[PDB]
Amino acid sequence: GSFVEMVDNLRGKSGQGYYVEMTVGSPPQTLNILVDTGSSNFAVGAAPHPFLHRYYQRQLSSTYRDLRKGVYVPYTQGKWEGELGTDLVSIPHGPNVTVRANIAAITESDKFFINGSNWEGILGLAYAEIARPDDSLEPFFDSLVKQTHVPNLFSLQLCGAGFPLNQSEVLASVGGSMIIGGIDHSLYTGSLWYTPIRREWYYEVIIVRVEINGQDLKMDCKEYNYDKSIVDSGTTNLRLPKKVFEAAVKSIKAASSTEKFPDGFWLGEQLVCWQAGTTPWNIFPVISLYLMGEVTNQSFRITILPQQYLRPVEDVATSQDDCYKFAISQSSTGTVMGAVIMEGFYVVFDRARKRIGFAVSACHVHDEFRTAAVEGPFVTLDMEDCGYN
Ligand SMILES: CC(=O)N[C@@H](Cc1cc(F)cc(F)c1)[C@H](O)[C@H]1CO[C@@H](OCC(C)(C)C)[C@H](C)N1
């Protein structure tokens, strides 16, 4: 472990998002910022909102620069409108550097800020191609690398607790690590396996095979990447294209058929509860996602447990029961490897070598019988044909 200053610098959870502490302006204004690999805009609340306890005050920053331009970002459900500008930015539990970066000062928003989340802004870590208004708005990570000696790489260890946490427990507990400029070897076990970044827009990857308890889903691999497959810390669930979702749910139901669950559970709408400590993890199957490797005709696999895809939630009666929602859902915008997936792994965003590394997380939730896995190599032909165009 050679990045001690950055270890344990995250807080939060899969459902409301993981955040890092940052400061903006002169003198520094402290804000909690959502770490999002599924967007490319750095934005902060800059006007009072019922869910914000603090916000960026441009008139109190002597280093604030007005870009005199409007900006709008529509997300999956939420959205915001704001005003573009620049300021000095630092990450207290990050590299010991200050950079001048673009900041969208949020003036209006709908279903963006989450009550009790503890975050007041969003750090879009993806590439300029998906930045709004357009690709001329340099994302924060690009500015950081260009202005400093920080290597063009970041890595994320998201730590799911495996049980519910209220707002107060979230504040008090460590939610993970964001290592800026390096790979901290204390955050994972086993080997790091790398998948290519197909195109620099979202963090786009190629899934070449899917298994449920070792049983091949047997779909044309193009289906798994229709119309794209992305790694997104800003999305909670594992989201699958409609056809893949229907086939995966049918297979997960058949594997867990010793117990019957209502349709609302499988639709990700209603919770299922079990008496304290009796969740039957063993009846639920493991899920393997095979990803294209860096060597020609070579693949590797990442394997998750129900401890990853069953999201802990507090009971409607707040009882001693262990309650969960099914964290797999349909998508009409391709595969999304969200926070519940990422929680099983140490993920290295190697922008310099246009590749994503995965290793078993030192903080993944498991039992005495099974663990999450990263294994290879596998001989896999015609992998570039799995890519949708
Ligand atoms: C749940 C969701 O919308 N997730 C958000 C973050 C976010 C987290 C949050 F807690 C509250 C939010 F309102 C927003 C991700 O950025 C998504 C947005 O859509 C896609 O990106 C589209 C754009 C590039 C932004 C135009 C891609 C799947 N990444």
# chains A, B, ... in the order shown; residues from 1 in each chain; ligands from 1
call {"tool": "residues_near_ligand", "arguments": {"ligand": "ligand 1", "cutoff": "9 Å", "atoms": "only C-alpha atoms and all ligand atoms", "output": "NGL selection string"}}
result
:A and (15-18 or 34-41 or 73-80 or 110-114 or 117 or 122 or 124 or 126 or 129-132 or 201-202 or 230-237 or 333-336 or 338)
call {"tool": "write_last_selection", "arguments": {"atoms": "N, CA and C atoms", "output": "compact mmCIF listing (two decimals), in the first residue's frame"}}
result
# COMPACT_ATOMS: atom_id res chain seq x y z
N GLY A 15 -27.11 2.72 -3.28
CA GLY A 15 -28.40 3.35 -3.54
C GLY A 15 -28.42 4.86 -3.66
N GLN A 16 -27.61 5.57 -2.87
CA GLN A 16 -27.57 7.04 -2.88
C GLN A 16 -26.27 7.61 -3.50
N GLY A 17 -25.30 6.72 -3.78
CA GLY A 17 -24.02 7.07 -4.37
C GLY A 17 -22.87 7.23 -3.38
N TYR A 18 -21.63 7.03 -3.88
CA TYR A 18 -20.38 7.17 -3.13
C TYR A 18 -19.79 8.54 -3.41
N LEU A 34 -20.32 13.48 -5.42
CA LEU A 34 -20.62 12.14 -5.94
C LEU A 34 -19.60 11.73 -7.03
N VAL A 35 -18.96 10.55 -6.86
CA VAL A 35 -17.96 10.03 -7.79
C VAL A 35 -18.72 9.26 -8.89
N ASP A 36 -18.82 9.84 -10.11
CA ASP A 36 -19.57 9.28 -11.23
C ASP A 36 -18.76 8.98 -12.50
N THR A 37 -18.47 7.69 -12.75
CA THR A 37 -17.78 7.27 -13.97
C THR A 37 -18.76 7.21 -15.18
N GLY A 38 -20.05 7.48 -14.97
CA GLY A 38 -21.04 7.48 -16.05
C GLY A 38 -21.42 8.84 -16.63
N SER A 39 -20.68 9.90 -16.29
CA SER A 39 -20.91 11.27 -16.81
C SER A 39 -19.58 12.03 -16.88
N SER A 40 -19.57 13.24 -17.46
CA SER A 40 -18.31 13.99 -17.65
C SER A 40 -18.38 15.45 -17.22
N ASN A 41 -19.43 15.81 -16.49
CA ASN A 41 -19.59 17.15 -15.98
C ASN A 41 -19.32 17.24 -14.48
N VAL A 73 -27.93 19.14 -18.01
CA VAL A 73 -27.60 17.71 -18.11
C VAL A 73 -28.80 16.85 -17.74
N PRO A 74 -29.34 16.04 -18.68
CA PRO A 74 -30.41 15.11 -18.31
C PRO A 74 -29.79 13.74 -17.93
N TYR A 75 -30.11 13.22 -16.75
CA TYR A 75 -29.62 11.91 -16.31
C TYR A 75 -30.73 10.86 -16.55
N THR A 76 -30.64 9.66 -15.94
CA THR A 76 -31.66 8.61 -16.15
C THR A 76 -33.07 9.09 -15.70
N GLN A 77 -33.16 9.65 -14.49
CA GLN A 77 -34.42 10.19 -13.96
C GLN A 77 -34.27 11.67 -13.60
N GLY A 78 -33.16 12.02 -12.95
CA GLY A 78 -32.91 13.40 -12.55
C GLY A 78 -32.35 14.28 -13.64
N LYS A 79 -32.35 15.60 -13.39
CA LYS A 79 -31.80 16.60 -14.31
C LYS A 79 -31.48 17.89 -13.55
N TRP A 80 -30.62 18.72 -14.14
CA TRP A 80 -30.28 20.04 -13.62
C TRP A 80 -29.94 21.02 -14.73
N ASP A 110 -34.32 18.95 -10.92
CA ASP A 110 -35.49 18.10 -10.67
C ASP A 110 -35.06 16.65 -10.45
N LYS A 111 -35.35 16.11 -9.25
CA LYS A 111 -35.05 14.72 -8.85
C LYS A 111 -33.55 14.36 -8.96
N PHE A 112 -32.66 15.34 -8.71
CA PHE A 112 -31.21 15.16 -8.76
C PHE A 112 -30.67 14.97 -7.34
N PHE A 113 -30.81 16.01 -6.49
CA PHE A 113 -30.37 15.92 -5.10
C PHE A 113 -31.25 14.93 -4.34
N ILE A 114 -30.61 14.04 -3.55
CA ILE A 114 -31.32 13.00 -2.80
C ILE A 114 -31.35 13.41 -1.33
N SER A 117 -28.58 12.08 1.41
CA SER A 117 -27.39 11.54 0.72
C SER A 117 -26.03 12.03 1.27
N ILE A 122 -21.58 16.62 -8.11
CA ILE A 122 -21.25 15.45 -8.92
C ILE A 122 -19.93 15.65 -9.66
N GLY A 124 -18.13 14.10 -12.67
CA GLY A 124 -18.18 13.25 -13.86
C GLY A 124 -16.77 12.90 -14.30
N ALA A 126 -15.94 10.48 -16.66
CA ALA A 126 -15.79 9.99 -18.03
C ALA A 126 -15.19 11.07 -18.99
N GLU A 129 -16.40 13.53 -24.83
CA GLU A 129 -17.42 13.21 -25.84
C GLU A 129 -18.86 13.29 -25.30
N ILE A 130 -19.06 12.95 -24.01
CA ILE A 130 -20.41 12.96 -23.43
C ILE A 130 -20.64 14.15 -22.48
N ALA A 131 -19.71 15.12 -22.48
CA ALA A 131 -19.86 16.33 -21.66
C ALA A 131 -20.92 17.23 -22.30
N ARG A 132 -21.67 17.95 -21.48
CA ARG A 132 -22.64 18.94 -21.96
C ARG A 132 -22.07 20.34 -21.63
N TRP A 201 -15.69 7.62 -24.41
CA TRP A 201 -16.89 8.46 -24.30
C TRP A 201 -17.46 8.13 -22.92
N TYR A 202 -18.19 7.04 -22.78
CA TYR A 202 -18.49 6.45 -21.49
C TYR A 202 -17.28 5.53 -21.27
N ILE A 230 -21.38 -0.21 -20.35
CA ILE A 230 -20.56 0.78 -19.63
C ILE A 230 -20.34 0.44 -18.13
N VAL A 231 -19.28 0.98 -17.53
CA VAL A 231 -18.90 0.83 -16.11
C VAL A 231 -19.30 2.16 -15.49
N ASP A 232 -20.33 2.16 -14.61
CA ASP A 232 -20.90 3.38 -14.07
C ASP A 232 -21.12 3.36 -12.56
N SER A 233 -20.20 4.01 -11.80
CA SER A 233 -20.33 4.11 -10.35
C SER A 233 -21.55 4.98 -9.94
N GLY A 234 -22.10 5.76 -10.89
CA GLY A 234 -23.24 6.65 -10.67
C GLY A 234 -24.61 6.03 -10.83
N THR A 235 -24.67 4.76 -11.24
CA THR A 235 -25.92 3.97 -11.39
C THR A 235 -25.86 2.88 -10.32
N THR A 236 -26.97 2.65 -9.62
CA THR A 236 -27.01 1.68 -8.52
C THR A 236 -26.93 0.24 -9.00
N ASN A 237 -27.87 -0.13 -9.88
CA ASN A 237 -28.08 -1.50 -10.32
C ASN A 237 -27.22 -2.00 -11.43
N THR A 333 -31.13 1.17 -22.93
CA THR A 333 -29.92 1.94 -23.30
C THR A 333 -28.61 1.14 -23.09
N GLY A 334 -28.70 -0.19 -23.18
CA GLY A 334 -27.55 -1.08 -23.07
C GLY A 334 -27.21 -1.52 -21.66
N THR A 335 -26.11 -2.30 -21.51
CA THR A 335 -25.68 -2.79 -20.20
C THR A 335 -25.04 -1.70 -19.37
N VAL A 336 -25.41 -1.66 -18.07
CA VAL A 336 -24.79 -0.74 -17.12
C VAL A 336 -24.24 -1.54 -15.95
N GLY A 338 -23.23 -1.12 -12.73
CA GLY A 338 -23.41 -0.14 -11.67
C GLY A 338 -22.67 -0.43 -10.39
call {"tool": "select_by_dssp", "arguments": {"residues": "range 254-369 of chain A", "states": "strand (DSSP E or B)", "output": "VMD selection string"}}
result
chain A and resid 272 to 274 287 to 292 298 to 304 310 to 313 322 to 326 328 to 331 335 to 337 345 to 350 355 to 361
call {"tool": "write_last_selection", "arguments": {"atoms": "C-alpha atoms", "output": "PDB file, in the first residue's frame"}}
result
ATOM      1  CA  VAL A 272     -38.156  -9.398   0.509  1.00  0.00           C
ATOM      2  CA  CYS A 273     -37.406 -10.020   4.217  1.00  0.00           C
ATOM      3  CA  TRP A 274     -36.011 -12.967   6.193  1.00  0.00           C
ATOM      4  CA  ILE A 287     -23.361 -14.503 -12.005  1.00  0.00           C
ATOM      5  CA  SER A 288     -20.312 -14.475 -14.298  1.00  0.00           C
ATOM      6  CA  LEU A 289     -19.595 -11.777 -16.870  1.00  0.00           C
ATOM      7  CA  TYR A 290     -16.849 -12.645 -19.395  1.00  0.00           C
ATOM      8  CA  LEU A 291     -14.995  -9.598 -20.724  1.00  0.00           C
ATOM      9  CA  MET A 292     -12.721  -9.261 -23.804  1.00  0.00           C
ATOM     10  CA  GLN A 298      -8.382 -14.214 -24.835  1.00  0.00           C
ATOM     11  CA  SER A 299     -11.078 -13.430 -22.243  1.00  0.00           C
ATOM     12  CA  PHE A 300     -11.455 -13.397 -18.454  1.00  0.00           C
ATOM     13  CA  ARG A 301     -14.435 -13.512 -16.105  1.00  0.00           C
ATOM     14  CA  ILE A 302     -15.681 -11.541 -13.109  1.00  0.00           C
ATOM     15  CA  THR A 303     -18.096 -13.456 -10.779  1.00  0.00           C
ATOM     16  CA  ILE A 304     -20.578 -11.819  -8.358  1.00  0.00           C
ATOM     17  CA  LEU A 310     -29.380  -8.240  -3.514  1.00  0.00           C
ATOM     18  CA  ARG A 311     -29.319  -4.664  -2.178  1.00  0.00           C
ATOM     19  CA  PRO A 312     -29.783  -4.306   1.622  1.00  0.00           C
ATOM     20  CA  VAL A 313     -32.761  -2.077   2.525  1.00  0.00           C
ATOM     21  CA  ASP A 322     -32.742  -8.791   7.000  1.00  0.00           C
ATOM     22  CA  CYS A 323     -34.450  -7.112   3.967  1.00  0.00           C
ATOM     23  CA  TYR A 324     -33.302  -6.705   0.310  1.00  0.00           C
ATOM     24  CA  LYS A 325     -34.316  -5.505  -3.128  1.00  0.00           C
ATOM     25  CA  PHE A 326     -33.286  -7.314  -6.349  1.00  0.00           C
ATOM     26  CA  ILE A 328     -30.864  -6.210 -11.454  1.00  0.00           C
ATOM     27  CA  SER A 329     -33.143  -4.280 -13.867  1.00  0.00           C
ATOM     28  CA  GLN A 330     -34.079  -3.948 -17.549  1.00  0.00           C
ATOM     29  CA  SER A 331     -32.543  -1.299 -19.803  1.00  0.00           C
ATOM     30  CA  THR A 335     -25.684  -2.791 -20.202  1.00  0.00           C
ATOM     31  CA  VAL A 336     -24.793  -0.738 -17.119  1.00  0.00           C
ATOM     32  CA  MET A 337     -22.247  -2.194 -14.661  1.00  0.00           C
ATOM     33  CA  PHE A 345     -14.174  -5.478  -7.207  1.00  0.00           C
ATOM     34  CA  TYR A 346     -11.228  -3.084  -7.151  1.00  0.00           C
ATOM     35  CA  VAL A 347     -11.674  -1.275 -10.530  1.00  0.00           C
ATOM     36  CA  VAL A 348      -8.666   0.448 -12.191  1.00  0.00           C
ATOM     37  CA  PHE A 349      -9.564   3.117 -14.751  1.00  0.00           C
ATOM     38  CA  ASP A 350      -6.278   3.038 -16.738  1.00  0.00           C
ATOM     39  CA  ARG A 355      -7.992  -0.260 -20.377  1.00  0.00           C
ATOM     40  CA  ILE A 356     -10.063  -1.207 -17.274  1.00  0.00           C
ATOM     41  CA  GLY A 357      -8.613  -3.523 -14.575  1.00  0.00           C
ATOM     42  CA  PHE A 358     -10.654  -5.735 -12.232  1.00  0.00           C
ATOM     43  CA  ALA A 359      -9.487  -7.609  -9.123  1.00  0.00           C
ATOM     44  CA  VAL A 360     -11.428  -9.178  -6.212  1.00  0.00           C
ATOM     45  CA  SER A 361     -12.082  -6.416  -3.621  1.00  0.00           C
TER      46      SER A 361
END
call {"tool": "atom_distance", "arguments": {"atom1": "CA of residue 159 in chain A", "atom2": "CA of residue 282 in chain A"}}
result
21.8 Å
call {"tool": "residues_around", "arguments": {"residues": "residue 144 in chain A", "least_positions_apart": "4", "cutoff": "12 Å", "atoms": "only C-alpha atoms", "output": "PyMOL selection string"}}
result
chain A and resi 88-91+94-102+125+138-140+148-154+180-181
call {"tool": "write_last_selection", "arguments": {"atoms": "N, CA, C and O atoms", "output": "JSON list (two decimals), in the first residue's frame"}}
result
[["chain", "number", "residue", "atom", "x", "y", "z"],
["A", 88, "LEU", "N", -10.45, 27.37, -8.69],
["A", 88, "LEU", "CA", -9.40, 26.51, -8.15],
["A", 88, "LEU", "C", -10.11, 25.41, -7.35],
["A", 88, "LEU", "O", -11.12, 25.66, -6.68],
["A", 89, "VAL", "N", -9.63, 24.18, -7.52],
["A", 89, "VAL", "CA", -10.23, 22.98, -6.95],
["A", 89, "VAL", "C", -9.12, 22.10, -6.37],
["A", 89, "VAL", "O", -8.06, 21.98, -6.99],
["A", 90, "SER", "N", -9.40, 21.50, -5.19],
["A", 90, "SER", "CA", -8.48, 20.59, -4.50],
["A", 90, "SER", "C", -9.24, 19.39, -3.94],
["A", 90, "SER", "O", -10.46, 19.47, -3.72],
["A", 91, "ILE", "N", -8.53, 18.29, -3.69],
["A", 91, "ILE", "CA", -9.12, 17.10, -3.08],
["A", 91, "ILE", "C", -8.32, 16.89, -1.79],
["A", 91, "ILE", "O", -7.17, 16.46, -1.89],
["A", 94, "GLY", "N", -6.55, 13.54, -1.30],
["A", 94, "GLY", "CA", -6.19, 13.24, -2.68],
["A", 94, "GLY", "C", -4.76, 13.66, -2.96],
["A", 94, "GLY", "O", -4.00, 13.85, -2.01],
["A", 95, "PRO", "N", -4.37, 13.85, -4.24],
["A", 95, "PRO", "CA", -3.00, 14.33, -4.50],
["A", 95, "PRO", "C", -2.83, 15.76, -3.97],
["A", 95, "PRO", "O", -3.80, 16.51, -3.84],
["A", 96, "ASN", "N", -1.61, 16.11, -3.59],
["A", 96, "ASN", "CA", -1.34, 17.42, -3.00],
["A", 96, "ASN", "C", -1.10, 18.45, -4.09],
["A", 96, "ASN", "O", 0.02, 18.92, -4.29],
["A", 97, "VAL", "N", -2.17, 18.74, -4.86],
["A", 97, "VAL", "CA", -2.20, 19.68, -6.00],
["A", 97, "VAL", "C", -3.53, 20.45, -6.01],
["A", 97, "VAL", "O", -4.52, 19.97, -5.47],
["A", 98, "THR", "N", -3.53, 21.65, -6.62],
["A", 98, "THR", "CA", -4.70, 22.51, -6.83],
["A", 98, "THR", "C", -4.76, 22.76, -8.33],
["A", 98, "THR", "O", -3.73, 23.08, -8.93],
["A", 99, "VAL", "N", -5.93, 22.58, -8.94],
["A", 99, "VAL", "CA", -6.10, 22.77, -10.38],
["A", 99, "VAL", "C", -7.24, 23.74, -10.68],
["A", 99, "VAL", "O", -8.20, 23.81, -9.91],
["A", 100, "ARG", "N", -7.18, 24.41, -11.84],
["A", 100, "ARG", "CA", -8.27, 25.27, -12.28],
["A", 100, "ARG", "C", -9.16, 24.42, -13.20],
["A", 100, "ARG", "O", -8.71, 23.96, -14.25],
["A", 101, "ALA", "N", -10.42, 24.23, -12.82],
["A", 101, "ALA", "CA", -11.33, 23.35, -13.56],
["A", 101, "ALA", "C", -12.66, 23.99, -13.84],
["A", 101, "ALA", "O", -13.04, 24.92, -13.15],
["A", 102, "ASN", "N", -13.39, 23.47, -14.88],
["A", 102, "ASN", "CA", -14.74, 23.90, -15.23],
["A", 102, "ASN", "C", -15.72, 23.41, -14.16],
["A", 102, "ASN", "O", -15.58, 22.28, -13.66],
["A", 125, "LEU", "N", -16.40, 11.62, -14.15],
["A", 125, "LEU", "CA", -15.05, 11.12, -14.45],
["A", 125, "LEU", "C", -14.86, 10.57, -15.85],
["A", 125, "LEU", "O", -13.73, 10.26, -16.21],
["A", 138, "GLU", "N", -13.81, 20.87, -21.11],
["A", 138, "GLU", "CA", -12.80, 19.97, -20.58],
["A", 138, "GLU", "C", -13.22, 19.36, -19.23],
["A", 138, "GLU", "O", -13.46, 20.12, -18.29],
["A", 139, "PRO", "N", -13.33, 18.02, -19.12],
["A", 139, "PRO", "CA", -13.74, 17.43, -17.83],
["A", 139, "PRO", "C", -12.65, 17.57, -16.76],
["A", 139, "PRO", "O", -11.49, 17.80, -17.08],
["A", 140, "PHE", "N", -13.05, 17.52, -15.49],
["A", 140, "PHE", "CA", -12.12, 17.69, -14.37],
["A", 140, "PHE", "C", -10.87, 16.81, -14.44],
["A", 140, "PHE", "O", -9.77, 17.31, -14.18],
["A", 148, "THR", "N", -0.84, 19.04, -13.94],
["A", 148, "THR", "CA", 0.03, 18.45, -12.90],
["A", 148, "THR", "C", 0.86, 17.27, -13.43],
["A", 148, "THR", "O", 0.74, 16.90, -14.61],
["A", 149, "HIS", "N", 1.67, 16.66, -12.55],
["A", 149, "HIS", "CA", 2.46, 15.46, -12.85],
["A", 149, "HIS", "C", 1.70, 14.17, -12.45],
["A", 149, "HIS", "O", 2.28, 13.08, -12.48],
["A", 150, "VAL", "N", 0.40, 14.29, -12.09],
["A", 150, "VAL", "CA", -0.44, 13.13, -11.70],
["A", 150, "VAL", "C", -0.60, 12.15, -12.90],
["A", 150, "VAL", "O", -1.07, 12.58, -13.97],
["A", 151, "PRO", "N", -0.23, 10.85, -12.75],
["A", 151, "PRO", "CA", -0.43, 9.88, -13.86],
["A", 151, "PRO", "C", -1.91, 9.78, -14.29],
["A", 151, "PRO", "O", -2.80, 10.00, -13.47],
["A", 152, "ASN", "N", -2.15, 9.56, -15.60],
["A", 152, "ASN", "CA", -3.49, 9.52, -16.20],
["A", 152, "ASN", "C", -4.18, 8.16, -15.94],
["A", 152, "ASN", "O", -4.28, 7.31, -16.83],
["A", 153, "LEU", "N", -4.59, 7.97, -14.68],
["A", 153, "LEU", "CA", -5.20, 6.76, -14.11],
["A", 153, "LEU", "C", -5.84, 7.10, -12.75],
["A", 153, "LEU", "O", -5.32, 7.94, -12.01],
["A", 154, "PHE", "N", -6.96, 6.44, -12.43],
["A", 154, "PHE", "CA", -7.61, 6.50, -11.12],
["A", 154, "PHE", "C", -8.17, 5.11, -10.87],
["A", 154, "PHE", "O", -8.37, 4.37, -11.82],
["A", 180, "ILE", "N", -6.17, 8.42, -6.82],
["A", 180, "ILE", "CA", -5.93, 9.30, -7.97],
["A", 180, "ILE", "C", -4.46, 9.24, -8.34],
["A", 180, "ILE", "O", -3.61, 9.66, -7.54],
["A", 181, "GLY", "N", -4.18, 8.73, -9.54],
["A", 181, "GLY", "CA", -2.83, 8.62, -10.06],
["A", 181, "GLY", "C", -2.12, 7.30, -9.83],
["A", 181, "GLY", "O", -0.95, 7.17, -10.19]]
call {"tool": "select_by_dssp", "arguments": {"residues": "range 26-226 of chain A", "states": "alpha helix (DSSP H)", "output": "JSON, numbers by chain"}}
result
{"A": [140, 141, 142, 143, 144, 145, 146, 147, 167, 168, 169, 170, 171, 172]}
call {"tool": "residues_around", "arguments": {"residues": "range 171-175 of chain A", "least_positions_apart": "6", "cutoff": "10 Å", "atoms": "only C-alpha atoms", "output": "PyMOL selection string"}}
result
chain A and resi 7-14+17-20+117-118+157-161+165+363
call {"tool": "closest_residue", "arguments": {"among": "A:384, A:269, A:246, A:66", "to": "residue 207 in chain A", "atoms": "only C-alpha atoms"}}
result
A:384
call {"tool": "closest_residue", "arguments": {"among": "A:203, A:42, A:188, A:388", "to": "residue 223 in chain A", "atoms": "only C-alpha atoms"}}
result
A:388
